[PDB]
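Here is how the chains run, residue by residue.
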Amino acid sequence: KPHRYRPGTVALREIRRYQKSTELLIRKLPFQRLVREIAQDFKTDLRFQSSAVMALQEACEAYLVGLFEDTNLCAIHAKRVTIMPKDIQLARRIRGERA
Amino acid sequence: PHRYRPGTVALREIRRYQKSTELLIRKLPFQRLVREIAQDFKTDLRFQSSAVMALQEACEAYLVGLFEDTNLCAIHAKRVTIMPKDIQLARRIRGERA
Amino acid sequence: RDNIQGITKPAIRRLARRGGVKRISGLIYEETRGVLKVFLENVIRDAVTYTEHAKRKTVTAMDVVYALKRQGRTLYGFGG
Amino acid sequence: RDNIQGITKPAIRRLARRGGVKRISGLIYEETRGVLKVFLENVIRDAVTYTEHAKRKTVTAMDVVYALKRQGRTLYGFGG
Amino acid sequence: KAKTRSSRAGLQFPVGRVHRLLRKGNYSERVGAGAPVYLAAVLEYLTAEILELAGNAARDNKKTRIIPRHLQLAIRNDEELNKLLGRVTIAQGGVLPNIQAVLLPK
Amino acid sequence: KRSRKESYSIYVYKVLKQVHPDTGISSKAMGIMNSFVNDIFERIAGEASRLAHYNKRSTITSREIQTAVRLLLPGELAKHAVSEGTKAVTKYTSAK
Amino acid sequence: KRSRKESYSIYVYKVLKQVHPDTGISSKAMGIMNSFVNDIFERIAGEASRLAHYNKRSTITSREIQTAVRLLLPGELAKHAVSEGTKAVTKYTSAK
DNA sequence: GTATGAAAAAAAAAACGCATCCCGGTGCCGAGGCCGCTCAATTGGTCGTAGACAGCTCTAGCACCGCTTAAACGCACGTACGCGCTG
Ligand SMILES: [Ca+2]
Ligand SMILES: [Ca+2]
Ligand SMILES: [Ca+2]
Ligand SMILES: [K+]
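A.B. asks: Just give me the short version of the pattern of salt bridges, but keep the residues and values in it.
C.D. replies: For the structure on display, the rule yields 38 salt bridges over all chains. For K69 of chain D, the salt bridge identified is with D39 of chain G, shortest N-O distance 4.0 Å. Taken together, the residues span two chains, with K69 of chain D in helix α3 (residues 61-70) and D39 of chain G in helix α2 (residues 27-54). Assessed through its relative accessible area of 34%, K69 of chain D is described here as partly exposed. By relative accessible area, which is 6% here, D39 of chain G ends up buried. The residue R43 of chain G makes a salt bridge to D39 of chain G at a minimum N-O spacing of 3.1 Å. Taken together, the residues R43 of chain G and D39 of chain G, both in helix α2 and 4 residues apart, mark about one turn of the helix. Owing to a relative accessible area of 44%, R43 of chain G belongs among the partly exposed residues under this scheme. One connected set of salt bridges, linked through shared partners, spans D70, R92, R95 and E97 of chain A together with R92 of chain B.

What follows is the structure in structure tokens.
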């Protein structure tokens, strides 16, 4: 027969799941290609220690995770539950990341 | 008798103080608050008047800043009136408080 | 009272005006005093710590300047 | 090109989940890519700048570590 | 016979002083003769950049003499100087005039 | 007979009279400018110091300064600074 | 012919076996601990360096370290650290 | 759907008044510039070593390849959240 969890019940489960864990959440290659792509702009025919790329990924994920925590609060502060661009922008504007 | 609508003056005040740079806290009450707080860390302490002035420049600047940020948080909630929870958010995001 | 009340409602209103605030909840005036205190506590503590290290009895501007730099709130026009 | 699309919707969802986000506006997935790019740009630029100063053609972990320290986003466990 | 290093480098800023400040500031064991010139220049350039803009802000206020507020206005209105002096408070600087749109009347 | 307090104020005047010969500067402003110089001096020196340290080199050369400047100043401001620096070193090595 | 890379890892083990003799530590964790030591070392040294500079003194003494530690560590952590530091210097000067 | 009048809501027009901008007008003090003293930068010579350079060694970073399966993608559905409106 049918079974269907109400909208949000899974999201919450996912939250608990990923907070419990420490594994990197972006796929390792697509990231590595994005790194080299961005590094080309500064100098071509560049090589990277695999550890160097991993460090960049640890930093990135950590940064974003953090930005989201802050964003979430901004969303909630507006009596919402759904994060939206303007929430991120506020968080960065206050963090002093942007003007 | 003549009476400006609530907010018309507030706006005028905004324009007035943004235009100017003079310190907005009364110089003595501040100086006493400095010495009062310094007692806690060590008694029979003296202060260069310049040292006190620096603390005041820093303080006002800091607060003015915190308010700008607070204001945005208030507005972000479809409000115009800043409230404690607005400040708290601003500091929580600034990483001033947990 | 002590001196923290010396930071008058109208003075806070003034600061928040320079911050471009239009309307201020009554609760804010005490909230601000508390924050202001926390600031001065953290800055002065360090300033005095510099004073003590110099074996001085007199807090210099520089003591405050050096202290604020540590707190990531650098100040221009009082030296260093 | 645009490996920035390689940063898949579901991967961003995952990150925001670890951030304790429950519901995510469609617009956010592009917004995030942009922010992420700006981050990597700023960090890598510096990393490479350290690489170039060492007259190397190979970006080391340390290059990234030193770079992040500059940006005030210190990283532990890559030889800090 | 003897001329200032500043003169040879075509600078106002004291190459000699800077070279000393570097040795006496526990920055490194030894200080290249090139270093202090270069540094002196950069400091000179930045000084000019700010003064040019402050000097403009002062002409824009019918004042002969630059005051703090001028230096602030100059810095906070130039995208790049703002970003450089992002964590700096300028004594008696005031803030840029700015009233959030939604706060204005209709 | 008071104790000589060093200051960049004479060099700020000289540079001011270049960029606006018909413009002056309040003591307070001049204060801010002195702070500004000392601040960015420490910033560049510091980053140069580390650059040397990181590369197991004992000596801070104009190379380290340049790299520091590229790291510390934003785009346009960096380009200009670097030029002025390179220009000045070039001019000094050629006047021996 | 390998690089001969120094590390605090042996001193972290020794201290670990004191505080929890029946527990060990993943290489990755040990990495983090090495980072941690180096970070706070640089922090304290740095603040000590400036302390000396600011007070026109050429020499970094245990006094400068203490002051640095009082400035850098929060309340309880500072108290403890200072004590352990004072204790350790006292113990060393008295063991000639 | 042509013509209806009755209020409701908005828009414009005409006046009462406070604030703000300009001025020209007067005095005060700090900005500005000069003078003498001094010590901090410059000079010219000696010495020690940092590091640039070439020659060599082998790390580990690149590319490639095929297999399995986990994750990405899409589409369909329907709820509950955002968001406007009201008192
Ligand atoms: Ca602008
Ligand atoms: Ca006149
Ligand atoms: Ca010579
Ligand atoms: K290699």
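Don't stop here, the text continues.
A.B. asks: Can you tell me about the interface of chain F and chain E, naming the residues and giving the values?
C.D. replies: Listed by partner, the interface residues are 57 residues for chain F and 53 residues for chain E. For the chain F and chain E pair, buried surface summed over both sides reaches about 5,000 Å², with 72% attributable to carbon and sulfur atoms. Sorting the residues of chain F by area buried against chain E places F41, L77 and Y92 of chain F first, and these three jointly supply 13% of that buried surface. If you look at where chain F meets chain E, you find 2 salt bridges. Where chain F meets chain E, there are 19 residue pairs in polar contact. Put simply, the parts of the chain that give the side of chain F that touches chain E at least two residues each are α1 (9-19), β1 (24-25), α2 (27-54), β2 (59-60), α3 (62-72) and α4 (75-94) of chain F. Of all the elements, α2 of chain F adds the most residues to the side of chain F that touches chain E, at 15 residues.

A.B. asks: Pulling in residues and values, what's your account of the protein's contact with DNA strand H?
C.D. replies: Near DNA strand H, the surroundings consist of 42 residues, among which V81 of chain A, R8 of chain E together with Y13, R57 and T59 of chain F are the closest. By atom count, sugar and phosphate contribute 97% of the portion of DNA strand H lying within 4 Å of the protein. A distance of 3.2 Å separates a phosphate oxygen of DNA strand H from a polar atom in the side chain of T8 of chain D. At 3.2 Å, a backbone N or O of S58 of chain F approaches a phosphate oxygen of DNA strand H. Among the elements of the structure, β1 (47-48) of chain A, α1 (8-19) of chain B, α1 (9-18) of chain D, α1 (5-9) and α2 (15-23) of chain E together with β1 of chain F are those that each provide at least two residues to the surface near DNA strand H.

A.B. asks: Which residues make up the packing of helix α3 (residues 50-77) of chain A against helix α2 (residues 28-53) of chain D, and what values do they have?
C.D. replies: Relative orientation of the contacting elements α3 of chain A and α2 of chain D amounts to 135 degrees, with a least axis distance of 11 Å. Put simply, α3 of chain A runs oblique to α2 of chain D. Crossing angle aside, the handedness with which α3 of chain A passes α2 of chain D is right-handed. On the side of α3 of chain A, the interface is formed by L56, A59, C60, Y63, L64, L67 and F68 of chain A, while α2 of chain D contributes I28, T32, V35, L36, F39, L40, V43 and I44 of chain D.

A.B. asks: Just give me the short version of the layout of surface pockets, but keep the residues and values in it.
C.D. replies: As a volume, the second largest pocket reaches approximately 1,800 Å³. Taken together, 41 residues make up the lining of the second largest pocket; nearest its centre are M62, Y66 and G80 of chain C together with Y54 and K56 of chain G. Put simply, the parts of the chain that give the lining of the second largest pocket at least two residues each are α3 (61-70) of chain C, α2 of chain E, α2 of chain F together with α2 of chain G. Per element, the largest residue contribution to the lining of the second largest pocket is 6 residues, and it comes from α2 of chain F. Broken down by class, the residue content of the lining of the second largest pocket amounts to 12 nonpolar, 17 polar and 12 charged.

A.B. asks: Go over the packing of helix α3 (residues 62-72) of chain G against helix α4 (residues 75-94) of chain G, please, and point to the residues and values.
C.D. replies: Residues and elements named next belong to chain G. Their axes nearest at 9 Å, the elements α3 and α4 cross at an angle of 165 degrees. In terms of orientation, α3 lies roughly antiparallel with respect to α4. Considering the relative orientation of α3 and α4, their crossing is right-handed. For the pair formed by α3 and α4, the contact residues are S62, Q66, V69 and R70 on the first element and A78, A81, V82, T86 and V89 on the second. The residue makeup of the contact of α3 with α4, split by class, is 5 nonpolar, 3 polar and 1 charged.

About the criteria used
Residues numbered from 1 in each chain as written, not as in the entry; some residues may be left out. Chains lettered and ligands numbered in written order. Part of a larger assembly, values for the part shown. Heavy atoms only, no water. Salt bridge = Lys/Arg side-chain N within 4 Å of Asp/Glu carboxyl O. Helix = DSSP H or I, 4+ residues; strand = E, 2+ residues; numbered from the N terminus. Buried < 20%, exposed > 50% of the residue type's maximum accessible area, 1.4 Å probe, protein only. Contact = heavy atoms within 4.5 Å. Buried area = accessible area lost by both parts, 1.4 Å probe. Polar contact = N/O pair within 3.5 Å; in protein donor to acceptor, adjacent residues only side chain to side chain. Near = heavy atom within 4 Å. Axes fitted to C-alpha atoms, helices over the stretch in contact; angles between N-to-C directions. Parallel < 35°, antiparallel > 145°, perpendicular 65-115°, else oblique. Left-handed = near helix turned anticlockwise from the far one by under 90°. 1 Å grid on protein atoms, 1.4 Å probe; cavity = no way out; pocket = protein on both sides within 12 Å on 5 of 7 lines; lining within 4 Å. Points joined across faces, edges and corners; volume = space filled by probe spheres on them. Nonpolar A, V, L, I, M, F, W, Y, C, P; charged D, E, K, R; others polar.

Taken by themselves, the reported measurements are silent on function.
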